[PDB]
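Asks: Need the 3D shape of this:
(chains A, B, C, D, E, F, G, H, I and J)
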Amino acid sequence: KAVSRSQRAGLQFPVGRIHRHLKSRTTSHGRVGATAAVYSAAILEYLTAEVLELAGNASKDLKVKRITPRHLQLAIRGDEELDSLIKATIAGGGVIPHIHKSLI
Amino acid sequence: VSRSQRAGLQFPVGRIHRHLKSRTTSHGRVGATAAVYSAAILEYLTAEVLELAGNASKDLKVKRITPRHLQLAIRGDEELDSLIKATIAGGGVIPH
Amino acid sequence: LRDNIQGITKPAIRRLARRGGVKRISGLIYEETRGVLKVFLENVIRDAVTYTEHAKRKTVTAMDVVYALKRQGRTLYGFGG
Amino acid sequence: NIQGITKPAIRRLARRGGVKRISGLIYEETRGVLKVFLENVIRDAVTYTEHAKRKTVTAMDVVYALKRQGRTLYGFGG
Amino acid sequence: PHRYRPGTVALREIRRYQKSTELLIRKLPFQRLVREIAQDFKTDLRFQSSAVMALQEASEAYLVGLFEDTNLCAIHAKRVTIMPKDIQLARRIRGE
Amino acid sequence: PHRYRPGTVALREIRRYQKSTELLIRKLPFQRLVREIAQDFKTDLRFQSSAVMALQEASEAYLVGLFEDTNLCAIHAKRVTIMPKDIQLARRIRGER
Amino acid sequence: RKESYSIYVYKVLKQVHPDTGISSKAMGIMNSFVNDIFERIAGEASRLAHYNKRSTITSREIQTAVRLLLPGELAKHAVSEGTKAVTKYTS
Amino acid sequence: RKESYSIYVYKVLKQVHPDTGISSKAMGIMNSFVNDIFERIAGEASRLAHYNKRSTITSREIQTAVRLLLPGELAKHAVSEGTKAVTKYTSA
DNA sequence: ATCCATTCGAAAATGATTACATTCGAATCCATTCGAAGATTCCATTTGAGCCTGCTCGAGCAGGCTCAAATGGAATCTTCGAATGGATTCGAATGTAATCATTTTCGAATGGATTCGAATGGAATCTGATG
DNA sequence: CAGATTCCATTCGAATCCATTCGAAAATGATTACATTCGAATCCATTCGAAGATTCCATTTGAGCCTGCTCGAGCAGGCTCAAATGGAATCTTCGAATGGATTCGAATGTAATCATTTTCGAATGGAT
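Replies: Numbering: from 1, shown residues only, chains lettered A, B, ... in the order given. Now the structure:
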């Protein structure tokens, strides 16, 4: 029979497709090992799970069942490391409420 | 009959072709007139910078060129200042 | 088309300032805001039209804008990638 | 060892920067800023050194780390 | 007649516009402005709708960030009013 | 005895240190500081002279630029004396805070 | 037909929060995020391989490239997860 | 062995300023500058080729990369110089 | 006086020419999405004008605190010199990633049934301002 | 005491999740070379120790220039209301422009054989 490589590694993200994608970015004569794909898939899955967990907590706070870009922005900008890593613009997020003490 | 002499340049065309061929992902080809264009651009930029630095040296009444002259020339031109944002080791600061 | 920069009214600038967190506003802020907006738009649109012209096309797509914004250092999530 | 960056050295750097008068609490702030910058750069220099299985920190590791940070430097091999 | 002291409705609008997520500029004037600006680079162009909307989102985010920096600079000088000097200083420090 | 008013020698020092190109921090203390900082990441390390020189040049350039921005912030608030709040504001606007 | 990361993002989400859904715009944002991070890691790995005059890319290059560009405790946890995955795979 | 751009920089300098020399440190700085610009142009050209689903790199890619990277009034002169060189190469 | 920038001589990479083999990207036609130009209403948003209050600016005093000068004296700089430590090169012997040929499992596009947030319709507090 | 903002109820309509057909692609099995790893052999280049003349640095004192707090005048931005205006929104038609197929024809890589060309040694007389 056939056993997928992601099942052997114990992941959800694909190992074969990521291997094929990595082989297309090597300059000129360049080979790619079989255990670079496993490392890359594990990294991507870890980061995805972290962001999704924070966003789900933010959504649960507001008594809502689904996730929207507002919750993604609230989750990202409330964490120091995620804020440092992600500096892009999220279309539909807005700003975190904050009013200076001198103006009040 | 070298390619550089046929195009009328001083920078190398074969060496630049070889350099370009080694940064083109997988199964990527490089034309023969990309090297000529690249060599022309590099020669033009080098000549501009050298001309400005030499004018500054003639202003300062010296014969050679030092990193101080390069810093003075680069910081005094708007386009060169915008393009080059690196640190020249031995230039100082522009008086102001 | 002429003097289209005056369609960025004074209430719109006031709303953007309020979302920024500003309590009081002077009377000469609006012209400065219009100037800075024009400069930003000119840069981005120039790069987007260059990207479109390279591909031998006549329609400006969302991906040219996304690529230009990534070039300037202003990555945007939501419209492609 | 951070106290070996004295007060006259900071005065000289401020004078070259254009400053006419200096407060008395500037020196500790400047020392903190310098320490943070140095740690940030040396971390990546040592990472680059360790990847190549070496025990000596060369000039190219520092040049690459600076270029990564966004502070390109000319005249030291790149 | 009922009146509010100067400065209460301002805080009400601050909360209202910081709690929401929509766009704050009208769409037709912005589209007209985009077309007029792009008239100078190539004649007889066409635009998707997504291109205009991406441009609007980027512009709004840029202006909001700039106004936050301007407010910081205005607070530094012991004021609550923002003036063109704060915009100029904020843009100068950011290297713009 | 002869005395100088405070403010002219400052301008003389400004001109003198802006016309030159040398280094302003002494070498042995900076070398010791660099080694002590780097001992946190790996033990029994070695350095080249060029590494320390590159680090010194980069550090000096960074500090001079920061002090220019600090002076701008000090002038904004109608002063000539620079204080820590100016450094904090400059670093906050730049993106480091 | 075109490729996307929607299936795996939904699988991870159902693994973390088993009763919370996702919309369609948040899916586009997650797709863009994954592509961005992948391109960053790939570029850094290629440069690292170039510096030492080698042609092949291995898990050492990926580990070093993760040690850069990833701040704080993210780097430690990511390296731990990747090492565990590779160790399980090879055996 | 170790290749560099010293000979060509000296030739250009003797072309523009026939009576001026150049020291070693300025030569190192010029080498760094040339390498930096070349790497920038090459990367941008590769990205342009990728975006359009092509495989070959031609003078169109280089021209567009130059237009994207160089500031105004510096792109016009560079484009003119490159076009003249390519035409002279092809005609001969 | 002293450091160094330009010349001269050889030798080992390494471009330049000729001849295929074959990817690869121009040249014409045809469909379809898709963007531009017109037309017709409500109704919400923008534009002036009047009123009045609170925030910004300038001046006279007072206290805080940075700078300029003189005297020790200490610690960075320059030169000399072993001891040895670790990068760098050259060979054989391995480890493993690429390339065909099959077979089948997987993920992408199109349809269909709940279902959960998006407008009304109120009621209950919260808060602001003049007395 | 008059305005504004946070709670619950009810019917609705936009939106997500599950089901199906089937092409595009991933895993298995041999066979080759290609690239990386494991021992010696120089031999530079970093670290440690010593001597000392001198120049930077640290401490104390005096005083005047800069900053901070109080007060009064005025001036420029906020708040309310009536009248007018231009955006949104819901169809209709038309015409300009991509995107996919099928042949071709222009152009690049690969393999040998020279015939240059650039980098590594000292050698001096010259700007600093």
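
Asks: excluding its backbone neighbours, what's nearest the residue sitting nearest the centre point of chain C?
Replies: The centroid of chain C falls nearest to residue C:41 when counting by C-alpha atoms, centre = their mean (4.1 Å). Closest residue in space to residue C:41, ignoring its immediate chain neighbours: residue E:37 at 5.5 Å, by C-beta to C-beta, 6 or more residues apart in numbering or on different chains. C-beta coordinates here come from the backbone N, C-alpha and C atoms, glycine included.

Asks: Need the three-state assignment for the one you found.
Replies: helix (DSSP: H, G, I helix; E, B strand; the rest coil).

Asks: my guess is it contacts residue C:45, does it?
Replies: Yes. At 5.6 Å, residue E:37 counts as touching residue C:45 under the criterion of C-beta atoms under 8 Å.

Asks: Looking at those two, which one has more neighbours?
Replies: The neighbour comparison of residue E:37 against residue C:45 (other C-beta atoms under 10 Å in any protein chain shown) goes to residue C:45, with 22 against 19.

Asks: quick one, what contacts the more buried one?
Replies: Counting by C-beta atoms under 8 Å, 6 or more residues apart in numbering or on different chains, residue C:45 touches E:34, E:37-38, E:41, E:55.

Asks: For residue E:65, list the residues it contacts.
Replies: residue C:20.

Asks: Select the longest helix from chain A.
Replies: The longest helix of chain A (DSSP state H) is helix A:36-61.

Asks: is any part of whichever helix or strand comes after it close to DNA strand J?
Replies: For helix A:36-61, the following helix or strand on the C-terminal side (DSSP states H and E) is helix A:69-77. No. Using C-beta under 7 Å from any atom of the strand, helix A:69-77 never reaches DNA strand J; the gap is at least 11.0 Å.

Asks: Buried residues, helix A:69-77. List them.
Replies: Residues of helix A:69-77 classed as buried by neighbour count (16 or more other C-beta atoms under 10 Å in any protein chain shown): A:69-76.

Asks: Neighbour-wise, which one of the contacts of residue C:45 leads?
Replies: Neighbour counts for the contacts of residue C:45 were taken using other C-beta under 10 Å; the highest belongs to residue E:55, with 27 neighbours.

Asks: isn't that residue right up against residue C:43?
Replies: No. Checked against C-beta under 8 Å, the pair residue E:55 and residue C:43 is beyond contact range at 11.6 Å.

Asks: Work out for me the element residue C:48 sits within.
Replies: Using DSSP H and E, residue C:48 sits within helix C:29-54.

Asks: Can you tell me what sits against the helix or strand that that helix is followed by?
Replies: As assigned by DSSP H and E, the chain's next helix or strand after helix C:29-54 is strand C:59-60. Residues outside strand C:59-60 that contact it (C-beta under 8 Å, 6+ apart): C:48-49, C:52, E:38, E:45-48, E:51.

Asks: Among those, which one lies nearest to residue G:68?
Replies: residue C:48 (31.7 Å; C-beta to C-beta).

Asks: Okay, the residue in chain C positioned nearest to chain A and residue G:23: tell me how far apart.
Replies: Across chain C, the shortest distance to chain A (C-beta to the nearest C-beta) belongs to residue C:78, at 3.2 Å. Applying C-beta to C-beta, to the nearest Å, the value for residue C:78 to residue G:23 is 12 Å.

Asks: what's the answer for residue G:40, then?
Replies: With the distance defined as C-beta to C-beta, residue G:40 ends up 26 Å from residue G:23.

Asks: Please apply the same query to residue G:45.
Replies: From residue G:45 to residue G:23 the distance is 33 Å (C-beta to C-beta).

Asks: Compare those two and say which is more crowded by neighbours.
Replies: Between residue G:45 and residue G:23, counted using other C-beta under 10 Å, the more crowded position is residue G:45 (26 against 14).

Asks: Quick check: closest non-adjacent residue to residue 46.
Replies: I went with chain A, as the question did not name one. That would be residue G:81: by C-beta to C-beta, 6+ apart, it lies 4.7 Å from residue A:46.

Asks: sorry, should have said chain E
Replies: Once flanking residues are discounted, residue E:46 sits nearest to residue C:59: 4.3 Å by C-beta to C-beta, 6+ apart.

Asks: No further queries at this time; thank you.
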